[PDB]
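Next comes just one chain, in structure tokens: the form deposited in one PDB entry.
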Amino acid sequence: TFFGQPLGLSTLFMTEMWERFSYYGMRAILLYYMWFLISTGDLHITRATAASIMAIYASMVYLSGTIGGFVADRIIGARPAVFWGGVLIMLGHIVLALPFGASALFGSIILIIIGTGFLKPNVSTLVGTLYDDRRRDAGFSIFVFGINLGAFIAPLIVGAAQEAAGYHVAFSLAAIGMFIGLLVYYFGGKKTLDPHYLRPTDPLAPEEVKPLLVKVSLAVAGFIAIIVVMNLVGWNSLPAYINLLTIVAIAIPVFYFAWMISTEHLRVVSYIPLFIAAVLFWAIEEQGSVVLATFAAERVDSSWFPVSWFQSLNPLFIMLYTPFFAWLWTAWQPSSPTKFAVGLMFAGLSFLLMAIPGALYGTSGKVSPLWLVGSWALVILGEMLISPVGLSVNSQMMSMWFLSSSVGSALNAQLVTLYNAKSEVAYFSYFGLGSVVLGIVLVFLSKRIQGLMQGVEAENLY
């Protein structure tokens, strides 16, 4: 067994671990890469836009994740989704390993967006297919833990590689990480995965094909029309396109939620504060690789080590916190809304903490790296409370997980452009305090939507 679990777990464990290695390896150096392309005159954007790009990239990645489950379940099968998803991710990194500049960015981004949409939701699904069970929750716990190992070592290894041999070599290591994942996935999968997941388990019925096709067509066509009109009237700058993608990412939950919209009416409305809290939390957490990455580079003395390494603090604390929260939930209980609040409070505190060094020491010198260590400590603390990775210690839960992190990232694509040396303290203070307060607002708000909900239930029962 693999820690009391089937050997399929280790196969799937290692597969995701190496995917995460390639992904977060890339995330830890990609913004610095764009900075480098800007300094050499090769990429003609502001650093604000480069920051904005990191954010919308991530948003599209997680948006992709919400439909990959569907594509695998209905059209191509979970097992081919992970494989061809992996292949696309590997090509995405290979594109940046080629001796090119800015021109390869977009191609890279599209491949990894599509590949990650295919791979991430479906590797999770395949974990379930190993069980018919009490082990079922243990296997997911183990899975989640070692997923993070990949996220942990990648900025160290890739970050060192970049320092030594350059960006192109560094990106090629990311490509090799995914490759390793593919080998283990392919040959390990044949041994331990069920053959029926080589096909879709819920294939499109004959009468479902045309309506699906019509819907996809109209969406693509409308999106193309919008872009054509944008170009006709002059709104065709990079930030313009970033704004279009922001709006589309934000519009989706609004339409999805207004769509599902007596007792169940209050349940759907009950989710909305929780969804909004989740979005704000991911907003703060996803700035780790943009705003904190910027602060690391500009405001910390890192003359003696790769500054990309700071991104390891995120998965590090997830692993440090896991055994503790394993005890916490079995020994203890607070409602699901209360959790989302406190988590957003902790994320709020991680930004308020970051306002201190500037307020105290000014912004033109260099502060201790421990400010960042503290900030990641707090925000990850919030992640144990608010994320399903803190629940591990479903499909709708999974898609809403991908969607909320997508929306948070879309929000960041607008917000991180406000961040610079001149605005550092005001930025960290505002969004930090704003987060804490929305954290307090959203807890009492959902509690008493739930309170009124259990009122209507009492009426119907007795």
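Residues carry their position along the shown sequence, with the first being 1. What we label the rigid core is the largest C-alpha set whose atoms superpose within 1.5 Å from one form to the other.
One more form of this protein exists, namely the form deposited in another entry; it is left out here, but the text below deals with it.
In a core superposition between the shown form and the other one, the Cα of 388 is the only one among 107, 101, 388, 166 shifting by 2 Å or more. With the core held fixed, the Cα of residue 446 is displaced between the shown form and the other one by 2 Å or more. Once both forms are fitted on their core, the CA shift for residue 32 between the shown form and the other one remains under 2 Å. Relative to the superposed rigid core, the position of the CA of residue 429 differs between the shown form and the other one by less than 2 Å.
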